[PDB]
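Notes follow the structure.
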Amino acid sequence: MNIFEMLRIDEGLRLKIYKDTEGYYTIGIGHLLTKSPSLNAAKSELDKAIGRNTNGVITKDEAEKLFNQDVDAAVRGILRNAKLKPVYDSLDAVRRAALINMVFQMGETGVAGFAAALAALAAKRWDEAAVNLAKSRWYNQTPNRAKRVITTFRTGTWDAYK
Ligand SMILES: [Cl-]
Ligand SMILES: [Cl-]
C-alpha cells in the first residue's frame, strides 16, 4: 500500500465532472475544480487545468496527472508549513501517509488547525491523537474515511485499508 493507493481508495476515480461530498465540482481522484456553483465555471477550470477543451470529460491518463500533481503539492505544502513539517518529520512512513491524506483532503491550513492532535502525534500518544481527531466536523461529515485515517495514525499499519 502507498499514499497513491490509499487516496485512490478514499477518493475513487471519476472521469466526468461530479459533485463532491460538500456539493463542489470535482473531477478525477478528488481533484476540486471550484467552489462556485456554476458548471461553466467548473468546466473552465477543468480546461485550464488540462490544457484543452474538455467538455467536462477527461481521460484516465489526465486524471492521473492531476493526481500526481496534487499529491506532490500536498507533500510540498506540509514541508513548507511550520506547523506540519516537524510533525511529519517525526513520523514513521505509514503515519506520514495518513498526514498527507488529511492535507490532500482539507488543505494544509485546515490540518495545521488541529493543534492538539498534532501535538499528540508528535509526542507519539497515538490513542490520545485518535480521540482528539474524532472530535471534529471532519469526522462527523465523512466518518468512514476519517475512521480509516485515524486508525492508520493509531496503529501505524495499513489494516484499515486491506
Ligand atoms: Cl491544476
Ligand atoms: Cl466517509
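Ordering of the C-alpha cells sets the chain letters (A, B, ...), residue numbers begin anew at 1 in every chain, and ligands are numbered from 1 in the order given.
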Go through chain A and flag each residue having an atom no more than 10 Å from ligand 1; for those, report the closest pair of atoms plus their distance in Å to one decimal, using only C-alpha atoms and all ligand atoms, ordered by chain and rising number, as CSV.
```
residue,atom,partner,partner_atom_place_in_ligand_line,distance
A:31,CA,ligand 1,1 (Cl),8.2
A:32,CA,ligand 1,1 (Cl),8.9
A:33,CA,ligand 1,1 (Cl),8.0
A:45,CA,ligand 1,1 (Cl),8.1
A:46,CA,ligand 1,1 (Cl),7.9
A:47,CA,ligand 1,1 (Cl),9.5
A:48,CA,ligand 1,1 (Cl),7.6
A:49,CA,ligand 1,1 (Cl),4.4
A:50,CA,ligand 1,1 (Cl),7.5
A:51,CA,ligand 1,1 (Cl),9.8
A:65,CA,ligand 1,1 (Cl),9.6
A:66,CA,ligand 1,1 (Cl),6.6
A:67,CA,ligand 1,1 (Cl),9.5
A:69,CA,ligand 1,1 (Cl),7.7
A:70,CA,ligand 1,1 (Cl),7.9
```
Note to self: Could you list, as JSON, numbers by chain, all residues that come within 12 Å of ligand 2? Count only C-alpha atoms and all ligand atoms.
What the structure shows: {"A": [9, 10, 11, 12, 20, 21, 22, 105, 137, 138, 139, 140, 141, 142, 143, 144, 145, 146, 147, 148, 149]}
Next item on the list: For residue 27 of chain A, list every protein, DNA or RNA residue within 8 Å, evaluated using only C-alpha atoms, and leave out those in the same chain fewer than 3 positions away; present the list as an MDAnalysis selection string.
Entry: chainID A and resid 13:18 30:33 63
Those selected residues, please, written with N, CA and C atoms and delivered as a tab-separated table (two decimals), in the first residue's frame.
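Output file part_35.tsv is given in full below:
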```tsv
chain	number	residue	atom	x	y	z
A	13	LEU	N	-12.34	7.25	-8.54
A	13	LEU	CA	-11.95	7.85	-9.82
A	13	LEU	C	-13.19	8.08	-10.68
A	14	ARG	N	-13.34	9.32	-11.13
A	14	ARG	CA	-14.43	9.80	-11.96
A	14	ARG	C	-13.89	10.66	-13.04
A	15	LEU	N	-14.25	10.27	-14.23
A	15	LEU	CA	-13.71	10.90	-15.41
A	15	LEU	C	-14.59	11.99	-15.95
A	16	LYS	N	-15.67	12.16	-15.29
A	16	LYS	CA	-16.55	13.20	-15.68
A	16	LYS	C	-16.89	14.06	-14.44
A	17	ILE	N	-17.00	15.41	-14.59
A	17	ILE	CA	-17.25	16.37	-13.51
A	17	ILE	C	-18.33	15.87	-12.54
A	18	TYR	N	-18.08	15.95	-11.23
A	18	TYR	CA	-19.09	15.49	-10.33
A	18	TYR	C	-19.04	16.36	-9.13
A	30	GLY	N	-10.48	13.01	-6.73
A	30	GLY	CA	-10.72	14.07	-5.81
A	30	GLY	C	-10.10	15.39	-6.17
A	31	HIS	N	-9.98	15.70	-7.42
A	31	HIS	CA	-9.41	17.00	-7.74
A	31	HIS	C	-10.49	18.08	-7.71
A	32	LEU	N	-10.52	18.97	-6.70
A	32	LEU	CA	-11.54	20.04	-6.67
A	32	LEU	C	-11.37	21.06	-7.78
A	33	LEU	N	-12.42	21.36	-8.45
A	33	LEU	CA	-12.24	22.31	-9.52
A	33	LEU	C	-12.57	23.70	-9.05
A	63	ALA	N	-6.54	12.23	-15.55
A	63	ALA	CA	-6.95	12.19	-14.14
A	63	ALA	C	-5.72	11.82	-13.31
```
Margin query: Using Å and a single decimal, report how far atom CA of residue 3 of chain A sits from atom CA of residue 84 of chain A.
Written below: 17.3 Å
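Using only C-alpha atoms for every distance, the candidate list A:98, A:128, A:34, A:79 yields A:98 as the residue closest to residue 161 of chain A.
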Margin query: If DSSP is run on the backbone, what residues of segment 10-89 of chain A are strand (DSSP E)? A reply as a PyMOL selection string would be ideal.
Written below: chain A and resi 14-19+25-28+31-34
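Reported to one decimal place, the separation of atom CA of residue 152 of chain A from atom CA of residue 94 of chain A is 7.3 Å.
Nearest-residue note for residue 2 of chain A: choosing from A:97, A:121, A:87, A:78, the minimum distance belongs to A:97, counting only C-alpha atoms.
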Notebook entry, point to check: What is the distance between atom CA of residue 73 of chain A and atom CA of residue 85 of chain A, in Å to one decimal?
Noted result: 13.7 Å
Notebook entry, point to check: A:96, A:83, A:19, A:124: which is nearest residue 6 of chain A, counting only C-alpha atoms?
Noted result: A:96
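Closest approach to residue 91 of chain A among A:158, A:104, A:153, A:4 is made by A:153 (distances from only C-alpha atoms).
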Notebook entry, point to check: If you run DSSP on the backbone, which residues of segment 59-159 of chain A are alpha helix (DSSP H), as number ranges by chain?
Noted result: A: 60-80, 85-90, 93-112, 115-122, 126-134, 137-141, 143-155
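The smallest atom-to-atom distance between residue 60 of chain A and any of A:39, A:76, A:29, A:131, using only C-alpha atoms, is found for A:29.
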Checklist line | Counting only C-alpha atoms, the residue of A:117, A:133, A:93, A:123 that sits nearest residue 156 of chain A | finding: A:93
